[PDB]
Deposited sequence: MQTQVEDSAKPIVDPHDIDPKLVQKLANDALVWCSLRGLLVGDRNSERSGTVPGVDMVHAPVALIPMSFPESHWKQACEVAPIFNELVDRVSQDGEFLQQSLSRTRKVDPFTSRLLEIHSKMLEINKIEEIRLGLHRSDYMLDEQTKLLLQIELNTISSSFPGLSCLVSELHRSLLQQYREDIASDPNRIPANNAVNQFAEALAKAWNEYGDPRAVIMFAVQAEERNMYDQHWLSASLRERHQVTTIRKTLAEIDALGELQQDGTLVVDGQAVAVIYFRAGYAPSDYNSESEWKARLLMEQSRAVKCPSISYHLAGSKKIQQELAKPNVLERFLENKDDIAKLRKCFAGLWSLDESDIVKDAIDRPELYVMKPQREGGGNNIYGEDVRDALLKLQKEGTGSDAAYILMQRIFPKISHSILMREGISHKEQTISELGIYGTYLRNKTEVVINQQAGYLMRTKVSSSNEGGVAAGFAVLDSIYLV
């Protein structure tokens, strides 16, 4: 129990954790700096981290890893069914201007029979463990800008080194922290995608935000690409891509005199990244190009919460997958999922709101679900009640003893060309722990 640890020992652990982060690149830009998100190497601070790894059952860890390749294949097959995406999201588009514009781009790609022969997925599936039922249940599937493959790897090593250093003071087995190689598996998948594209002069472009205090996480990927696969990367905003990008007659994307083989998005997932029309033109320009997108417009739309909800309905998974065991494994991870047009469920949410969460496609919980639904006269989800644990959280040099809940992310790499699937695997993990703000964590298997 971390709250029982002597404060003298917490301070020593804290100092050693802070030193380790500083020497090993587990860093973010400081939130109180105007420069830390634009100029690398200035106003840096350790990434917010748990001081001790979070206990997590191995059985459920294994379950999460086992479904990763099934979700990866599912995302790919869902994305190929253009009409399914358009049908599922047609109510969303009248109320959400952002989704509507994404669907416009998708529509334009279907109008010209655009084919993505090489398709790359860099996913993270996020889970919570329900205390009472002991079920690992999916909270979401990220198909765009999956954060922390760089940093989560380091947190595993941080915790393993701390437990090794303090064996005399804390009783543990450091081998209970599982190996986490997400950054290099992500780098490998990006490199193989570049390799399938077949241009030895081409680069991988990172589409990034103008201000990015999590730049070091992204730079860990590009460092792995350069040092382990000799692939060049560039960083550009959507505005910069509009200004500096054009298409050649064959559809090759050229950005500042360099051919772009792969586009890896760490931006363009929210309306606020699209400051003007320039950013939307850039998005459309990239999509019609011959480049490998991660994600493509299809893959992006496939990660929508509305799609997650449609995939839970009877017979829908059987449209996309033939293997009945794989389907059963996915359904074991599904919490209850519903739209506001399922009126029996809306009435039930009004009668028993404590059991539901109302999630936009700013979450609403408990008593407030009743009020919001009554005003309306968004998706509805089974409320998950995780274990509230004790942990010690580090932020800006200061240790805090806190009541926390945790959330397990499983990274997934997927790559296919015309006939063949080249990569489809689980690719490491993320544990995020937060107060009942959030920190990076790892797992200690029990």
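- Residues of the deposited sequence lacking C-alpha coordinates, counted from 1, fall in the stretches 1-13, 375-379, 396-404, 464-473.
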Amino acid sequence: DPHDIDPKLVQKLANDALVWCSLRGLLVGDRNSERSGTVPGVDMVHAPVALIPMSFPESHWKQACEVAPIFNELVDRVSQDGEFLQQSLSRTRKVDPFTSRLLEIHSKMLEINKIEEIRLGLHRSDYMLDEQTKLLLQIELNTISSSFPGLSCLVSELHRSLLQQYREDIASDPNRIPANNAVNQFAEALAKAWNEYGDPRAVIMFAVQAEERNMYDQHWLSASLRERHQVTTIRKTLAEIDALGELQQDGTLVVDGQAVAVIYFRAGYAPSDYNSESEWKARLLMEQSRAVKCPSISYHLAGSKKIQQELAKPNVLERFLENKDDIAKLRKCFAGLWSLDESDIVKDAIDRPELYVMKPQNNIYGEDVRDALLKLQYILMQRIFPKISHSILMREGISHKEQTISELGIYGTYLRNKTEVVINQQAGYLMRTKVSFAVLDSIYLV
From here on, numbers count along this sequence of modelled residues.
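- Stretches 151-159 and 273-281 differ in mean CA B factor, with 273-281 having the higher one.
- Between the stretches 217-225 and 253-261, it is 253-261 that shows the larger average CA temperature factor.
- As recorded in the PDB entry, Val369 shows the highest C-alpha B-factor of the residues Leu120, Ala302, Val369, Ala182.
- Based on the entry's C-alpha B-factors, the most elevated value among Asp126, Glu212, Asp341, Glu73 belongs to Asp341.
- For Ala207, the recorded CA B-factor ranks within the lowest third of the chain. Only modelled residues enter the ranking.
- Per the deposited record, the Cα B-factor of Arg331 falls in the middle third when ranked against the other modelled residues of its chain.
- Among the modelled residues of its chain, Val42 has a C-alpha B-factor that falls in the lowest third, as given in the PDB entry.
- Annotation for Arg167: CA B-factor lies in the middle third of the chain's modelled residues.
- Looking at the C-alpha B-factors along this chain, the one for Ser145 belongs to the lowest third.
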